[PDB]
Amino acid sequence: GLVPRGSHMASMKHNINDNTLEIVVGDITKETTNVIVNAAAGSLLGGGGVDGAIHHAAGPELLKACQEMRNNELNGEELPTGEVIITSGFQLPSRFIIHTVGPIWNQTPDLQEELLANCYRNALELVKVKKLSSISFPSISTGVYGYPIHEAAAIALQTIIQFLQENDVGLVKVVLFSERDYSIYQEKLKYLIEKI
């Protein structure tokens, strides 16, 4: 699966308002939060990484749902960078998948930080208004799309943290299949908490 066998397991939890932010090493396709987030492609065709794993786990109905959403909600266009759509999770233990498109590193350097942050803000706004109680995010735009992990992780955490300071959402997880990524997130979060 996404988490290499024998990876170090680890968790960190912190409350913000009556919200909770959790960082964990894990396989996001096995998360039991109400929502998980897919780091998708504009095409909403499944690829590799988290996107591939989510489609494999969710089953074939996901691709079909996504392409009709593209046809109906998006009028046949790709999902724009930073925007979101929601579908069923199908065979996933999570009820819903929010699909978002992260910026591809340095394609639009002037905009990309705001666009990556939009992924987070739009997903949380959706959770808020639909009262979905819990959501798991993966690392978005990172990889060999990739976005340097320290920079991506700063944008994610700061955006999530401010949103949780200002809103009732519930439980937000960042679920990472890499203990390397987790360690960066853990230390950065502790650093950001200290500032609040």
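Residue positions are given as counts along the sequence shown, with the first one as 1.
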| item | value |
| --- | --- |
| Mean Cα B-factor comparison, 87 to 95 or 112 to 120, giving the higher one as deposited | 87 to 95 |
| Given 63 to 71 and 35 to 43, the range whose Cα B-factors average higher in the PDB entry | 63 to 71 |
| Candidate set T159, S141, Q165, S133 [ranked by C-alpha B-factor, highest] | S133 |
| CA B-factor placement of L171, once the chain's modelled residues are sorted into thirds | lowest |
| CA B-factor placement of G26, once the chain's modelled residues are sorted into thirds | middle |
| Ranked C-alpha temperature factor of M9 among modelled chain residues, by third | highest |
